[PDB]
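First the structure, in the form of structure tokens, and then the observations on it.
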Amino acid sequence: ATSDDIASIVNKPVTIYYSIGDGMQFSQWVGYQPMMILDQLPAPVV
Amino acid sequence: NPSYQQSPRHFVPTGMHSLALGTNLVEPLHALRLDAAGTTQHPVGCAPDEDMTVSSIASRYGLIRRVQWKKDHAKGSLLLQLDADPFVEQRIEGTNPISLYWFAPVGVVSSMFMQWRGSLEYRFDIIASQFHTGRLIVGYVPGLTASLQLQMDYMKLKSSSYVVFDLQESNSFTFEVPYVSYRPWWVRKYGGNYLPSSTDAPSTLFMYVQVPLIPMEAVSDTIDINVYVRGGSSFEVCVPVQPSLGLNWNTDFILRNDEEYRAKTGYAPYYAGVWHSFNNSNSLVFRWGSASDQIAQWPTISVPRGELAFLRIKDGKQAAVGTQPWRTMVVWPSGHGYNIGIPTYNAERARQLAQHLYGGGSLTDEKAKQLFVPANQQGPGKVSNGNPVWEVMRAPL
Amino acid sequence: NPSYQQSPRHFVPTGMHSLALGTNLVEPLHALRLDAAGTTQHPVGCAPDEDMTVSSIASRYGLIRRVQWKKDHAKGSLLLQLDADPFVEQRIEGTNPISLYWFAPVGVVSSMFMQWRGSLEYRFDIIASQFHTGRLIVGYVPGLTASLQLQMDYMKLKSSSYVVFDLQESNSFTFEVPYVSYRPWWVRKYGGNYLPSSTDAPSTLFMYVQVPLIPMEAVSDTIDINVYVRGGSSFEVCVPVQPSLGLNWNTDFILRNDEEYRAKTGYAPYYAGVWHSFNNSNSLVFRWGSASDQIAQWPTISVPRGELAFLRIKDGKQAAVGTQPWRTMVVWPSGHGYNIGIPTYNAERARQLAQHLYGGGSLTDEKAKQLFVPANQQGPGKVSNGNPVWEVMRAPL
Amino acid sequence: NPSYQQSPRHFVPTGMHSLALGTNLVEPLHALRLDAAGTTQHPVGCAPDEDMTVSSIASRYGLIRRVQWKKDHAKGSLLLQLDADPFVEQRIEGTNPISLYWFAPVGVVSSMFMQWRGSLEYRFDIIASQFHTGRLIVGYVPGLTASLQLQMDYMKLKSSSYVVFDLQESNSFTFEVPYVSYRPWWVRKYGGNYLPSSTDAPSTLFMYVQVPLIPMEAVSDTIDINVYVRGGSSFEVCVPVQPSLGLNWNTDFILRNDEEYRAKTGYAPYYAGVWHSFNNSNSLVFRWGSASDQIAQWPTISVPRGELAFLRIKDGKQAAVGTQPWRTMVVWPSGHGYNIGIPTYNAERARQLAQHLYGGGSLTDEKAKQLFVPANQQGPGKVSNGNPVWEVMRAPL
Amino acid sequence: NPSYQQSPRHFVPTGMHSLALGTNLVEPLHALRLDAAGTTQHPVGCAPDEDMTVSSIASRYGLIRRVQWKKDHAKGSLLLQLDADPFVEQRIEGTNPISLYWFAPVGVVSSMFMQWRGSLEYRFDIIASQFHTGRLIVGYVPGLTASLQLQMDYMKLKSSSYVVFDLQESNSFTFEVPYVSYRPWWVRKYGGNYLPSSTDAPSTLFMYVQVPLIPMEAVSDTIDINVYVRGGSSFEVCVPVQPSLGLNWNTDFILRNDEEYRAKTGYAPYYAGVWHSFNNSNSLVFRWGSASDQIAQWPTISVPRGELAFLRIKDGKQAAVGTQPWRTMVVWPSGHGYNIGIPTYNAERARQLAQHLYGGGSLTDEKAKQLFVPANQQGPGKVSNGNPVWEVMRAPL
Amino acid sequence: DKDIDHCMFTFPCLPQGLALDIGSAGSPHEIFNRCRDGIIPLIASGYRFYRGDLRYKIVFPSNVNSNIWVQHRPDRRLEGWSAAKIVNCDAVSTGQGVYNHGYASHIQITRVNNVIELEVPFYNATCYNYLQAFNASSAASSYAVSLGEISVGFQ
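Protein chains in written order, with the entry's author numbering: chain D, 208 to 253; chain X, 2 to 398; chain G, 2 to 398; chain S, 2 to 398; chain L, 2 to 398; chain U, 53 to 207.
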């Protein structure tokens, strides 16, 4: 798009996805780093 | 060129290949690979050492607990009572509001699944000299509700399945926790940030000091004991859902308190600008964009009657900057069904303007327009840094 | 999940399966039938008695004519000279402007086709007692133009192919009309309402009284004769086009005389309404719709100079009704490139308004606006019944 | 109803089947034929006599030339020197600016192709009595540029390939022109109306009177000779492009001189109309359409400073007609980035208006609006006939 | 016509066939070729002499260097130390800011690839008479960083792999550079104009005069030596990326300095025009187009407070021309969220206007409008030549 | 004011690549200004001749709906390395500026899709064409470069 048209595109969302595409291969095992529990996350609070 | 007079096929278009699917399914793509049929290949020295697999991970002990076990402990004394679920915890002393936690690998991998079943295993390592001697139950009570989580002793524990052990020569063993539930599987303990639908563990482990330790004088009374969780051979999960866990890589979070005020989503960054519908662009007004009618829209302040309010940014640095940074603002309805934000020179002009508008005076009124900031002040027309918080400067009218 | 890297197919979309096709062609559909492969089935008692087929119909006599044949007829006397085409006529005494007509089935089925060829057949039934005796030619002249349609006699007829017949014992027979044309087929006699491209019949039948009837005194001098058309065995048609015929089921028609005036197509029903561009909706104007700028548009009246005109509906019942039915109207250009219709209280206000506008006065003028009907009069805002005819009330100015 | 979970195909749509292709290629269509698999069939009496084919045409002589050959001609005398290309000419005495030309069929068929190659043939018919006797070279010089086209004689011609012939008994023969070029094919001599890319013939034919005619006194000194071009057996073309020729069926052409003035393309027919942005439709302005803002747009006249101009149609008959035909007009910018055409009563009102606008006066000015033609004058609102030429009535200001 | 009731296919559309792919992949097209299955064919005399291939090119020496080798050189003396990478350089004395460079073909072909590996080859041609005699190391040090690029001598060089050579009879040879890196491949030395991600060569070649030349008195002391790079047999590249090189065919470049001012992209060419929102088109304003609201938009000048500025084109020839070329302009906000450019008669009117607008005065003000150029001045309405640079005429206010 | 007949623009169709267009100093085409040349021409640099075809796959602007036609004109000779480039045809004079009959052509429907995928056949009465930048010399030599001349026009 040219700059005259490009304005329509402003602040438009662009999601991106991904997955490993079959050929992917992880290698060496490593233990996990410490986790953070999700339902333990704070409420937005009124 | 024979005509192909025969009837055309009759499908239904859809815009996207399935996401959730990921098995016996060729998945068409626009490869950026040059070769039409090329594929990543693993050099024999680069061969995949690890066959990633649920069981392959689940079959790995992680340290989960570190009981201290002193000589003086009573024969009835409990050591621990962690739940019979993969999701055993190990809190770290994270000073962060979101404390981190160690997990056995099995718990982590379990966290990605709604349901799970099968036995677990707890290797116990009684780090002790041979001369130390003792004995302890490690029982397992099926079906304890938390109210019944108490009332326990080793003796009631004996009513259910349990295993006594004698520390003397060999100083370690491995208990194997039974899977016992009305349910063929078992729902995840936690879930995505969503407290309901977080069923607790079917049953609970216990471990009491069945015979108090009897150390020689030449060796320490205390004895460290370590507990290693691991998925049992029977262990397995099924349904994939949102993991209930997050990496420590970015332990950051943002509360959505409403107390702070700022521009509506999709309307930032905004800049002091001009707009023909507003004072014929003779006065500045925030715009999230350059094309006409890209005025920044603003949430409606709840001003109790007899008062007034006007915005004042909590950060001058994030303020959109015309000839001056615009730290002060008065939000008022566009008359087009939304609330524009009007930059002001100061908290005072904004105040007086609020005295006007909440005084029921119109934007059209000279009292307002004099308080309106003239288009010439737009200067560079710098955008606001992101969507900066605006303090709500309420005042009585 | 192998990637399917191979190139995608490359068609051309079209929105619809072919219509004209109807043979060796599977025709995909959204069946409302529940079963995926279900199909209508005919119970053995419901079996299709009739194999519908062009020949199957064509091989059926229909009465087409009823000659009277009196004793006194001269040996030269003609009885009939109907054309050698399937499209033989039999007018009914329909008082309707569109008179109906009987047809032999063969003519009807022929009417659906541009072209036809092959022999025809005329069974003749001389409803007569055996005692009656007579003789008559039924000849066939190829290639008669209508100018040559006359000049005929049985004798010139004899120059071409013909068949004499002797009424005595057997009182009926069947002539078989030859197909003789330069053209392998033959164009339809008529066509869809479209006079050109309506070629006449190749040739014409005749029947003269070769020997005058000689009845006994004890039997009637007149003898009814009936003529039955039917497709010959050779008979056949080919190209399918618009039938040149209509069912009697709805012998109704509408002339498109232009003399009557009414709203442009797609602009009815219309209702007295309001429109911001017109007097700021302070006065009524016909709208074919509710959404803004759905003003009914109107054809331009041709008013000769020095005059004026204003509409007045020929039916008050069909008038759109505000507070009052709007039987009177003045059409004037919108100034937006079309002619709005403006409701008026009466033929007079409309007149005065015409005196104004054709007086060159503007709609904007007070003289007009006073004549404009105020928005309050819209009342129910009832739509006009369909697109009612408006009488054009012309007056000199 | 099993679900079809497998991945969908992944094409690329395109809107149209290929045009240029026309061979081993099934070409899908919406046949209007009734039968799904029906096809035109040729009756044995209607059988295609002609196998249309490039060679099939190329192998046909056409008369191309008519040399006169008098007795008195010198032995050196030339008869003709037409080029060794299929595109031999035969001008007709068309009085038309576009003179017509005869062509040998081979030249015509050649005209459709960019390239060609192979031998040609020139049958020569020396229409002469046996008693006439003579002799003549018909040589062929490869590679003549036009500068070298001259300097020729039969003798230099002899340096290259040539054929002597002796007119005595047999009075006709057939020379066969060689194909000799650096290029395997040969570019077309002409092309679509596009002078560059019109390479001339590789080589040139000649024919000189090698021995002057020696007629008997009892027979004429002059002898008609005719020349018949035809594609040689070797002859062939390849690449299909725009034919460089046109049928005589419609020898009509239109120069695009710019001197005449008329409405922009797509803006005709136009009619005097009204337009709310123009004088609030209180005055007429040309519209190419009825829907709002379908104002006819007009090319900008180049008026040198200190002057003015106004349009006046060269044909009153083609003028759009309001209450009057609008033979006079003033084009001025819309102020919306295009030039509207404003109808005027006369060349004078248009003049005065030009005196105004080129006087720098605005359309808004009363001087203009008085000259503007009032909406009432729109009358029938007849469209202009097509896009009639407007004379530019320039005047000094 | 059976109905095809079965379920329709269920794809996913995409607008384009893959680009990056180019191998085992049929690639559908709209051939402009006439034949459906036709293909370019190579005449046996036109047969492809060259099997284009990476190795086929890489296996070609190019001269890369021309060492002079005088008699007097010390035995320790270096001759060259070019890097052990395909991207060896040979600068030309291009006076152009972008100096050109010779490359060995192998370097060029290498430039198209991110990665490469394998041996190289340096033929050495010691252009010398047999009587000249000498000796020289051509060693190879793996793994030199540039800091270690110095400190070198032939002797340290000897610590790594090297080859001594004796110039006497045969006067030329070919060293073969080893590929030695931790990395199986090796990243490109340069890249597209993008300095980071431009890793240097793994290792470096050297060549010292191991034994100083000992020429006879009857022959020259200096000896030319030439160095020819070529891809080794082992040599190969892999990943295709943007070549880091450009043809000399058009050694032209354009710096994007911001100092010059001109219209926003997509808004040129622009012409003095009129616009109803601007002074009701009563005054000229630049338009990049004719349709309404195709006003040329302009970048915001950064005028420090207390000043003013106005544009003045650096080229009158490129100026859009109304009645006059418009060499002077004042850019001001549209009030519609963008900056229009307003043509002025001169730098002065533009100045005064700046005195106004930067004086905070409005466009609406008479002081401005008097300075506005009237629509009549639009004249031809010639467009600006491209997007000409505008000088920024700043002045204090 | 282009008539429907008019080609919107034209260009020679040659492997070598068009003469590089940095664009104006006012409006640089950064990709050539910066990402100089490109691969295919770069390899074309290594050879003096070529024979064969070309693919193109033009991409039209999306916003427009209008149907789009594309002529191929082999007939046109390229002339000098100058004007080995895109050209915007203007007022009709010759048949050059308009749609033409015999030439092969194809029409994309933007509303269906805004990207045509062309294939250009080799058509020359030559063994094979020049491959380096072409200064011309022989008048015949002018035909001996570009496969022809593609042209495009909106309806």
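Where is the CB? At the ideal position from N, CA and C, for every residue including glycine.
Original post:
Applying a beta-carbon distance threshold of less than 9 Å, which residues of chain L neighbour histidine 124 of chain U?
Top reply: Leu33, listed in chain order.
Original post:
Residues of chain G with CB under 8 Å from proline 241 of chain X, in chain order?
Top reply: Chain G residues near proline 241 of chain X: none, gap ~16 Å exceeds 8 Å.
Subject >> chain X contact for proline 213 of chain L (CB, 7 Å cutoff) >> reply: Chain X places no beta carbon closer than 7 Å to that of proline 213 of chain L, leaving this residue out of the contacts.
**OP:** For my contact list, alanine 59 of chain G and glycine 232 of chain G are in at a C-beta cut-off of 8 Å; report their separation, rounded to the angstrom.
**Re:** With a Cβ gap of about 3 Å, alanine 59 of chain G and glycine 232 of chain G count as contacting.
**OP:** Run through the region 322 to 378 of chain S for me and flag every whole alpha helix (DSSP H) of 4 or more residues, listed as ranges in chain order.
**Re:** Listed in chain order, they are 348 to 358 and 367 to 372.
Subject >> Pairwise C-alpha distance: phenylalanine 61 of chain U and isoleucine 224 of chain L >> reply: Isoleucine 224 of chain L and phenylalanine 61 of chain U have their alpha carbons spaced roughly 59 Å apart.
Original post:
Of all the CB atoms in chain U, is at least one closer than 7 Å to the CB of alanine 21 of chain S?
Top reply: Closer than 7 Å: yes.
Subject >> Between the CA atoms of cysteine 47 of chain X and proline 185 of chain X - distance to the nearest angstrom >> reply: Spanning the two alpha carbons is a distance of roughly 41 Å.
Subject >> Those runs of the beta strand (DSSP E) which lie wholly inside the region 222 to 288 of chain L and span at least 3 residues >> reply: As summarised for the region 222 to 288 of chain L, the continuous beta strand (DSSP E) elements at least 3 residues long and confined to that stretch are 225 to 232, 272 to 274 and 286 to 288, given in chain order.
Original post:
Bridge partners of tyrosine 195 of chain U, per DSSP?
Top reply: Beta bridge pairing from DSSP links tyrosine 195 of chain U with no other residue.
**OP:** Helix, strand or coil for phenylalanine 84 of chain U, going by three-state DSSP, please let me know.
**Re:** If DSSP states are grouped into helix, strand and coil, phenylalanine 84 of chain U belongs with the helices.
Original post:
Between L:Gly317, L:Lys383, L:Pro389 and L:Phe311, which lies nearest to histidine 357 of chain L when the distance is taken from Cα to Cα?
Top reply: Per the Cα distances, L:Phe311.
**OP:** Reducing DSSP to helix, strand and coil, say where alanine 156 of chain U ends up.
**Re:** Coil, per DSSP.
**OP:** Use the C-beta contact count for residue 34 of chain U: other C-beta atoms within 10 angstroms, 16 or more gives buried, fewer gives exposed.
**Re:** Outside the displayed span of chain U (53 to 207) sits residue 34 of chain U, for which this structure offers no information.
Subject >> Anticipated Cβ contact below 8 Å, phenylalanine 114 of chain S with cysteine 239 of chain S, distance rounded >> reply: Sure, about 6 Å apart at Cβ, within 8 Å.
Subject >> Proximity winner among U:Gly78, U:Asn85 and U:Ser79, relative to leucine 72 of chain U (alpha-carbon distances) >> reply: Minimum Cα distance to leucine 72 of chain U is reached at U:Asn85.
Subject >> Cα-Cα separation between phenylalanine 125 of chain G and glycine 247 of chain G, rounded to whole angstroms >> reply: A direct Cα-to-Cα measurement between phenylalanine 125 of chain G and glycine 247 of chain G gives close to 28 Å.
Original post:
Under 7 Å between C-beta atoms, does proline 326 of chain X make it to chain G?
Top reply: No, no contact with chain G.
Original post:
By how many angstroms is the C-alpha of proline 3 of chain G removed from the C-alpha of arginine 67 of chain X?
Top reply: Taking the straight line joining both Cα atoms gives about 47 Å.
Subject >> Length at least 4, wholly inside the region 26 to 107 of chain G: the alpha helix (DSSP H) runs in chain order >> reply: With a minimum length of 4 residues, the continuous alpha helix (DSSP H) runs that stay inside the region 26 to 107 of chain G are 55 to 59.
Subject >> chain X within 7 Å of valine 13 of chain S, Cβ atoms only >> reply: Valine 13 of chain S does not count as touching chain X.
Original post:
Within the chosen definition, does the region 90 to 101 of chain S reach the region 186 to 202 of chain S through at least 3 CB pairs nearer than 8 Å?
Top reply: No: fewer than three Cβ pairs fall under 8 Å.
Subject >> Residues near residue 487 of chain G in its chain [Cβ-Cβ closer than 6 Å; skip 5 each side] >> reply: This structure leaves residue 487 of chain G out entirely; chain G is present only between 2 and 398.
Original post:
To the nearest whole angstrom, what separates the beta carbons of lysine 76 of chain G and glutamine 211 of chain G, a pair I think is in contact under 8 Å?
Top reply: By a beta-carbon distance limit of 8 Å, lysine 76 of chain G contacts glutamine 211 of chain G. Their separation comes to about 6 Å.
**OP:** Below 9 Å between beta carbons is the criterion; list the residues of the region 217 to 230 of chain D that meet it against any residue of chain L, in chain order.
**Re:** Shown here is that no member of the region 217 to 230 of chain D has a Cβ falling below 9 Å from a Cβ of chain L.
**OP:** May I have the straight-line CA-CA distance separating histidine 11 of chain X from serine 19 of chain G, to the nearest angstrom?
**Re:** Cα-Cα distance, rounded: 12 Å.
**OP:** Taking only runs that begin and end inside the region 122 to 180 of chain S, name each unbroken beta strand (DSSP E) of 3 or more residues, in chain order.
**Re:** Entirely contained in the region 122 to 180 of chain S, the beta strand (DSSP E) runs reaching 3 residues are, in chain order, 135 to 138, 141 to 143, 165 to 168 and 173 to 178.
Original post:
Using 7 Å as the limit for Cβ to Cβ distance, is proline 49 of chain G near chain L?
Top reply: No, no contact with chain L.
Subject >> Residue range of the alpha helix (DSSP H) that includes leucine 20 of chain L >> reply: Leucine 20 of chain L -> no alpha helix (DSSP H), and no H or E assigned at all.
Original post:
Under 7 Å between the Cβ atoms of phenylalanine 206 of chain U and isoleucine 120 of chain U?
Top reply: A Cβ-Cβ contact shorter than 7 Å links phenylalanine 206 of chain U with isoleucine 120 of chain U.
**OP:** Return the residues of the region 237 to 264 of chain S that lie within a Cβ-Cβ distance of less than 8 Å from chain X, sorted by chain order.
**Re:** For the region 237 to 264 of chain S, there are no residues whose beta carbon sits under 8 Å from a beta carbon of chain X.
Subject >> Contact set for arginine 288 of chain X: own chain, Cβ-Cβ below 7 Å, skip 5 residues either direction >> reply: These residues qualify, in order along the chain: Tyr271, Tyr272, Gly274, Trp276, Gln295, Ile296 and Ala297.
Subject >> Between the CA atoms of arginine 263 of chain X and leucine 196 of chain X - distance to the nearest angstrom >> reply: Taking the straight line joining both Cα atoms gives about 29 Å.
Subject >> Unbroken beta strand (DSSP E) run spanning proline 197 of chain L, endpoints >> reply: Counting along the chain, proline 197 of chain L sits inside no beta strand (DSSP E), nor does DSSP assign it H or E at all.
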